[PDB]
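Here is the structure we will look at, set down as structure tokens.
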Amino acid sequence: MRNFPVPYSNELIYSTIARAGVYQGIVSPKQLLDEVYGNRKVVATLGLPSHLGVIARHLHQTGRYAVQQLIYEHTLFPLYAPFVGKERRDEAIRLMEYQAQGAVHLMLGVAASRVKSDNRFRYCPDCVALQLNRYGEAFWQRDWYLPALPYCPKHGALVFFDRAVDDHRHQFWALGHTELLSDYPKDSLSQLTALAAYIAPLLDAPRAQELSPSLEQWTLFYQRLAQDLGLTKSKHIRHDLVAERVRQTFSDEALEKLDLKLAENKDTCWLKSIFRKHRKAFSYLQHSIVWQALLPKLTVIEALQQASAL
Amino acid sequence: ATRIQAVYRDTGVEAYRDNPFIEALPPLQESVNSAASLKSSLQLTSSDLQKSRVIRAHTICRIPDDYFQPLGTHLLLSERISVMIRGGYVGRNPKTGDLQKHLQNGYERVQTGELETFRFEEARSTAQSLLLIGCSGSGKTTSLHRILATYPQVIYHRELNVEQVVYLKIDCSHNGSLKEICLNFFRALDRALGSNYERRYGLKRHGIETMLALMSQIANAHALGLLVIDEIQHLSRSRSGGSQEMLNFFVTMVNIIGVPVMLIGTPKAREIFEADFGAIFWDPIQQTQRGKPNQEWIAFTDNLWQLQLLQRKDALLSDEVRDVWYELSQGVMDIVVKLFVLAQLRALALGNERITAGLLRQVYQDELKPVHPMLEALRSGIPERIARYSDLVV
Amino acid sequence: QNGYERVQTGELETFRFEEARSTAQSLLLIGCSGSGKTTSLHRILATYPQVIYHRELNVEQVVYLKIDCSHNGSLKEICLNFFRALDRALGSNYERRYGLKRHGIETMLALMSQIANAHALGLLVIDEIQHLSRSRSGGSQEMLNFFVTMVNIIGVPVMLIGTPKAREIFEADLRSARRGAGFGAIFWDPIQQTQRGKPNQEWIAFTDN
Amino acid sequence: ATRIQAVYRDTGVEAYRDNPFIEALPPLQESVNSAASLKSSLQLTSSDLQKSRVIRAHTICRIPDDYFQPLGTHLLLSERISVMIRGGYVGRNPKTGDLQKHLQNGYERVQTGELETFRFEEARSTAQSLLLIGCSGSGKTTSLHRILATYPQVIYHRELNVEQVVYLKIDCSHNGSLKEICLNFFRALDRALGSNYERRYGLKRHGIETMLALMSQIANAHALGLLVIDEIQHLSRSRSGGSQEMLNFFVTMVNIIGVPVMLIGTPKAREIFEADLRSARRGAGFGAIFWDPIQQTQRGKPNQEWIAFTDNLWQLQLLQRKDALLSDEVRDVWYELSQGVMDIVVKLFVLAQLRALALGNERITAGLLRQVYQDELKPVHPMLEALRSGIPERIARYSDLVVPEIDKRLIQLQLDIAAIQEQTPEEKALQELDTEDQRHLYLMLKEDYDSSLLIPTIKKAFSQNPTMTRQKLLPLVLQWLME
DNA sequence: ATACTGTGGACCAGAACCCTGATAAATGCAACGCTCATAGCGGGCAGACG
DNA sequence: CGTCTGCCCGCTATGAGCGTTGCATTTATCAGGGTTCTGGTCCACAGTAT
Ligand SMILES: Nc1ncnc2c1ncn2[C@@H]1O[C@H](COP(=O)(O)OP(=O)(O)OP(O)(O)=S)[C@@H](O)[C@H]1O
Ligand SMILES: Nc1ncnc2c1ncn2[C@@H]1O[C@H](COP(=O)(O)OP(=O)(O)O)[C@@H](O)[C@H]1O
Ligand SMILES: Nc1ncnc2c1ncn2[C@@H]1O[C@H](COP(=O)(O)OP(=O)(O)O)[C@@H](O)[C@H]1O
Ligand SMILES: [Mg+2]
Ligand SMILES: [Mg+2]
Ligand SMILES: [Mg+2]
Ligand SMILES: [Zn+2]
């Protein structure tokens, strides 16, 4: 290819590859994969893409875009790197730069979505107007495609329509302006919007480049934080203050929208699994909700500072 | 294929204040310096006059390829081409979000197969058109290879990634078949850029309707400046329904798509245009401009005359030789140079090292016989007699 | 690039960035049948070697290539015979790789240029142009349009040979006549016994030898 | 074209008895010392130290080409290649009959008569087709270029009008093609023979089968010793065709030609032949001699190869402030810096002297080697750490990496060395002193104390007796100093 | 101050998966086939005389 | 009235451009096993009742 579009500010690479075929009258879905990569077996993925580097060689004559900038600033990889572990973070890039695809989701053992859960194509009613007025084009954005919360962090709730990534595995689709974007009455859960606003700044923050606290470090930090202001009895978990904080700040309908039911009656609950010694990777939702419940006046980056320092 | 990095100017006109495309070109020049810039000649030097005969013969024969002189009209043509190639980028600005609309609409025409489909009514296109009709042998192609050689062809930007192509030139197929013009547009952007658009767009058997939209969208994939079409007379020789099809597609492209187009052809191709744009007519030069002999003829004859390579020659020119030239050639720009070169070649070969009128007459009547019948009509001057044949003034 | 900065900063007022090729000229040679227009060409062109291979570069220089027209008369056999006469001087298989039936005439003409630039072709002589005066060529003006649209081949000056029957029928338009005699049209004639009442030394010497 | 007339030595081995092709080869009785005599090195004296810094820069720039120290694997490769070369002519015996006549005679004798049992096993090729897989930057090509050039290439016979080509070298290039090797064999035969085989056999019209068919004829006509295909790593799989059909093509090459053939490659190219290598099948052949970098430790102690190479390479230093003994810390550090890869170990030492001649003090420090490592080993950062990791996949993925265009960088090093203004105090001392063979005493005893008194004392003694040998001069200059 | 009970961390084991090879069916695509227009041709009709 | 010896014209032959079609081709569908996964288990350990 001779004219590969430069990615806009804060967009996914999937929409960039789509606009790389919208701009030159290529309508057969096979030819786009034939020209961009050269293989007819390459897949289409939203968040954590692979085969990167071939997408950077096209932009090579521009000295700015490289592999590291593409992966950190233009994917959904920032959400998984700091929390899981340092060595896995450092090896994910070398596993992802090359042609391997199956190992990417396996090694980062959190992407067991099974059936495509909310992988329907999503957009926002108000953001598209701003993108139109300031650019003249519409595209997919990383703010919309948060893995769990189906809410735009600034405002409102995303507009689901009926299609899926598994409907066509070998097709890159760009957003169509002539495809009608119809508004619906906004049904918003304010707690979910607040959580989205709280978790948004981590996506574009330089300090998340290398800071990943260790497993034992996580355990000591959580024990010390629980004992700082009295969330732990003498060698026993209180089980009451932890529940009443999260029920004060979060209601039950928010938790069922997040599919994160608490189980005080049942012994196996994720809240108790967090406070016990960690052995597997944990999602950002649990850490975020614990941070919000335990102390409400601290930012995500400085929370990671305090977690990692001690 | 001259890849050049772009460094911008600062234009004065407020309409061009933002574009990178129109601020990447070399500046337009005043008519005073433009006439001097175009002119080129030979190095000559007196050291060759006493060299061998064979070494002199090739230097004599190298006259017609390296000798250009600007006439009166070329200074108008350069200005008009500059204006018409600068006026086609104000509606495709990438900074203020205009190329994205002009390029997004072109996908819809590809999908449905109609060229009148539009998605954004705000997209406005500005373009111009011209035709350059002149008698054969008047040197109109070389004018469009020397005026349009100041602008470099492929310029590469770095803020964007667009590889702008400033000008492109195609030749219509001899049969005029409606598929080969589209198949030859992907064979000039194929060599001037070093790619393989032909394989991905031509081998896959598509209809003409979709192949016409593929052209109009690929031309806007880059920033095409000028699509000049040479040898337009072959369009009349196609099958039925094609004579008007690409006299409507080439005005659809100018009006809707927004790529400027200029057509160049012979006088016998004017009929299809008039079977139903600014018009510039080119005519062979004549000495008898109003009541006194023209200065251009004398100046050009002296400039060509000072390139002789004969050991014993007449430095000053005589008017009888000028009259012989004007009565044997009739002023068409091809005959004069070839006639002079042949005359001095025969003079060098014979042994008589000086050019005379008799030698000119003998060479003209012995070596240019396939050309005489048409020149008889030009020499006679009768309108009815000159009206026959083709490629003559009408 | 340096000229580009000098013209952008205002120091230099002009530059010549790139100039296309304008060095394509042809010639026609007609003479009465039996006057020796072919054995007077093979022996002249037998002095220049055909294939020259350069070590410094990686190109092969085909100095000249001789094509003959067919017996019936059409453009497609000329176009394919170019390939059939090119694959013999070199070692190659152009005829089967490129000379397929799917391609039209215009595609073959546009495709000859790539091969004529890959090897620095110098001269292309077409003889026996007699056969193309009247045949199932699709039209005299169409075949003339072919012979004038043969300008898009990269340079490669061409020489055309035919009987005096070819001239009057074949050159009857200014735009094609000026391209036939682009470098003078050489005309041939039989030997004359009496020059001006004096015996010619040419005839005497030839007969005695 | 060393067209020496065949002088027929006698070898006591029964298998090589009375073979005109074999006897023309050099004898092998003291070849062990000959194999160990491959060692070459520059000659450096103390005189070159006082020269100007550009001359020293040229001398240092000349070290990579003319330095070679044999190691353990070179002896094994030499003996194996000697066995392959000399065992390859037992079949094509010219004086007696060929192989097919022998098999037919054996069958006719076992039919009737009293020849009870005849074995039809015959020769698999004539020796095993060795496959010398190793990591790039280890030194295969120079090893073959030296150990295969001690045999004369052409032995022009007298009674038989045949040419005994002893070895040959095909070499692919970047983005090669399958037919390119077949064409290049014919093209390269011309340089070894002086003929024009490309004109008659090198036509592009021929298919892939016809090339091998003609190669069989020409390889049988000229008594061929070896066929060393090199740099399989450079080939591109997708351009030629099916990757798995390359193994079929190579097997067809090995079967048809019949002369011993030895390929070279990198662990990236191993996956092409891995199907035959894993099986212990006889007939697949393709025995592999693995090339590995120098190991630091042996039995919990430093390996003698590493120290033996290190001291020999360290003797070539001409630094002005140089100490006699190599320090242990740098010995510890550059191995982990370079992982023992043969090429880059020498390159770091080459670049260190050039960098130290310009940065300031003329010595060797760990920080200097680190700085050179971040300077000119950027393309090879991934492969070095892959070797450090030890996982075979990491090493396999990062093979074929080489530093581009080091020679051009050497020129700009030299140009930067040329342009300098200030001078060292030792430079001043050598310039002001009459350093015409009187310099040697000053240099050998400079580091004992300050040379301020030394500069006039040697002059005093030398003017006292102008006619002395340095041998008698040393006691006197030593005696006057202590006073 | 030691038996009783919670409990956290370490630990068995069935299960959804999911990857891969063997086999039938839909299918795109160079491979001829067809059509269209165009230029020369030999049996048939008007003609015509002794 | 035979015949006649050259005219024509509806015809036959043929180049030029485009359009199906069987063919190879890829794609899609089904049985099966073992593997990592996570669900459930427990057991020594630490802190309280008698
Ligand atoms: N103004 C001029 N000054 C100098 N030489 C000229 C001039 N005009 C024409 N010529 C010469 O005439 C020839 C130009 O003729 P061409 O390049 O063939 O153009 P053309 O044949 O007139 O274009 P056509 O007939 O429409 S295809 C070259 O030999 C030029 O050197
Ligand atoms: N100068 C000459 N002297 C003798 N014979 C000649 C000469 N020129 C031509 N010929 C004869 O003419 C013949 C070639 O004629 P040719 O060029 O084929 O005619 P055309 O050009 O009409 O085909 C040869 O057989 C040769 O003998
Ligand atoms: N004993 C040695 N002394 C110095 N340099 C060596 C020695 N052995 C190998 N080399 C180095 O190996 C390099 C060539 O080998 P290499 O390039 O690895 O082969 P290939 O080109 O097949 O990869 C040379 O630059 C040379 O400096
Ligand atoms: Mg022209
Ligand atoms: Mg002839
Ligand atoms: Mg090598
Ligand atoms: Zn929004």
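Using ideal geometry, Cβ is built from the backbone for each residue, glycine included, and neighbour counts are taken over all protein chains shown. Each value in this text was obtained by applying a stated rule to the coordinates, not by laboratory testing.
From most to least packed by mean Cβ count within 10 Å, the peptides A:172-184, A:10-22, B:358-370 give A:10-22, B:358-370, A:172-184. Here the stretch D:42-83 is scanned for amide nitrogen atoms under 19 Å from the site 7 Å beyond the Cα of D:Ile307 along Cα-to-Cβ, giving D:70-72. As a proxy for reagent exposure, ranking D:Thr45, B:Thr141 by other Cβ atoms within 10 Å from fewest up yields D:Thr45, B:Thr141. Using only Cα coordinates, the Kirkwood hydrodynamic radius of chain A works out to 21.4 Å.
Projected label points at A:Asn39 and D:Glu436, each 7 Å from Cα along the beta carbon direction, are separated by 7.4 nanometres.
When the trypsin sites (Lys or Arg not before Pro) in the stretch D:206-314 are filtered for DSSP coil states and for at most 14 other beta-carbon atoms within 10 Å of their beta-carbon, the remaining sites are D:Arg281, D:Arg282, D:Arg299. Relative intensity of the stretch A:205-254 on a log10 scale, I(q)/I(0) at q = 0.18, 0.20, 0.29 Å⁻¹, equals -0.78, -0.84, -1.02, per a Debye sum over C-alpha point scatterers of equal strength in the absence of solvent. Put +1 on the Cβ of each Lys and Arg and -1 on the Cβ of each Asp and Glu in the stretch D:10-164; which of D:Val54, D:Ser129, D:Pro152 then has its Cα farthest toward the positive end of the dipole? After comparing all options, I get D:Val54.
Result for chain C in a Gaussian network model with C-alpha springs under 10 Å: among C:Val125, C:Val148, C:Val156, the largest mean-square fluctuation is at C:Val148.
Legend: mean number of C-beta atoms from other chains within 10 angstrom of residue C-beta atoms, peptide B:166-176, equals 4.
Derived scalar couplings between HN and Hα for the stretch D:231-242 equal 6, 5, 4, 6, 5, 10, 6, 5, 5, 6, x, x Hz in order, rounded to whole Hz, by the Karplus curve 6.51 cos²θ - 1.76 cosθ + 1.60 (θ = phi - 60°), x for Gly and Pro. Paramagnetic label reach from D:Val32 (point 7 Å along Cα→Cβ; backbone nitrogen cut-off under 14 Å): within the stretch D:64-108, residues D:75-76, D:79. Full extension of the chain between C:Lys165 and C:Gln193 yields a length gain of 7.6 nm, computed as 0.36 nm times the residue separation minus the alpha carbon distance.
Residues whose amide H lies under 5 Å from that of B:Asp171, counting only those 5 or more places away or on a different chain, are absent; hydrogens are built 1.01 Å from N in the peptide plane. Note on C:10-18: average number of Cβ atoms from other chains within 10 Å of each residue's Cβ is 5.
Expressed as a whole percent, how much of the Cα-Cα distance distribution for the stretch C:46-163 exceeds 18 Å? Cα-Cα pairs in the stretch C:46-163 separated by more than 18 Å: 53 percent. Our summary of shape: the Cα atoms of chain B have principal axis extents of 74, 49, 44 Å, ordered from largest down, in whole angstrom.
Here is how the number arises for chain B: DSSP H runs of 4 or more residues each give -39500 (n - 2.57), the sum is divided by the residue count, and the result at 222 nm is -11500 deg cm²/dmol. Annotation: for a label point projected 7 angstrom from Cα along Cα→Cβ of D:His381, residues of the stretch A:37-71 with backbone N closer than 18 Å are A:53, A:57, A:63-71.
Normalising the average separation of contacting C-alpha pairs (under 8 angstrom, six or more residues apart) by the number of residues puts the relative contact order of chain D at 16 percent.
The trypsin sites (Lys or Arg not before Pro) of the stretch A:126-185 meeting both criteria, a DSSP state outside H, G, I, E and B (loop) and at most 12 other C-beta atoms within 10 angstrom of the site's C-beta, are A:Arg163, A:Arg169. In terms of other Cβ atoms within 10 Å, D:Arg199, B:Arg322, C:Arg136 run from fewest to most in the order C:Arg136, D:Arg199, B:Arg322.
The charge dipole of the protein assembly as shown, taken about its Cα centre with unit charges on the Cβ of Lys, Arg, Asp and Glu (plus for the first two, minus for the last two), comes to roughly 1520 debye. When +1 charges are put on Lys and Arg Cβ atoms and -1 charges on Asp and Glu Cβ atoms, the dipole computed for chain A relative to its Cα centre reaches about 760 debye.
Using a cut-off of 18 Å between Cα atoms, the listed pairs D:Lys169/D:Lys268; D:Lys428/D:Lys459; A:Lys116/A:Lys280; D:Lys347/D:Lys378 include D:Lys169/D:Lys268; A:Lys116/A:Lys280 as exceeding that distance. Along the axis of the charge dipole computed for chain A (Cβ charges of +1 for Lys and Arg, -1 for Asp and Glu, origin at the Cα centre), the listed residues A:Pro78, A:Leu95, A:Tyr8 are led at the positive end by A:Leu95. DSSP loop (so not H, G, I, E, B), at most 15 other Cβ within 10 Å: list which GluC sites (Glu not before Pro) in the stretch B:88-183 pass both filters. Taking the stretch B:88-183 and a limit of 15 other Cβ atoms within 10 Å, the loop GluC sites (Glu not before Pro) found are B:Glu114, B:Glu116, B:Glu121, B:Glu122, B:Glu159. Modelled spin labels at A:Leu255 and C:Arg16, positioned 7 Å past Cα toward Cβ, are 8.4 nm from each other. Here is the size of the protein assembly as shown from its Cα atoms: Rg then Dmax, 42.2, 143 Å. For D:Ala223, the residues 5 or more places off, or on other chains, whose built amide H falls under 5 Å of its own are D:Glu163, D:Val165. Points 7 angstrom from Cα along the Cβ direction at D:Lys101 and B:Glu245: gap in nanometres? Between D:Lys101 and B:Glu245, the label points sit 7.7 nm apart. For the residue pairs D:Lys322/D:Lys472; A:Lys41/A:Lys86; B:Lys140/B:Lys338; D:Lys39/D:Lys322, the alpha carbons lie more than 20 Å apart in D:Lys322/D:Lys472; A:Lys41/A:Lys86; D:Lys39/D:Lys322. Peptide B:157-163 shows a mean partner chain C-beta count of 4 within 10 Å per residue C-beta. Taking all Cα-Cα distances within the stretch D:156-224, those exceeding 20 Å account for 30%.
Take the alpha carbon atoms of the stretch A:235-297, find their radius of gyration, then divide it by 2.2 N^0.38 Å using N residues; give the quotient. In units of the 2.2 N^0.38 Å rule of thumb, it is 1.10. Mean projected area of the Cα convex hull of the stretch B:196-341, taken over all directions, amounts to 15.0 nm². Considering only D:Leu377, D:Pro425, D:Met444, the residue lying farthest towards the positive end of the dipole of the stretch D:354-483 is D:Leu377, judged by Cα position with unit charges set on Cβ. Ordered by the count of other Cβ atoms within 10 Å of each Cβ, fewest first, A:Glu264, C:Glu106 give A:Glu264, C:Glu106.
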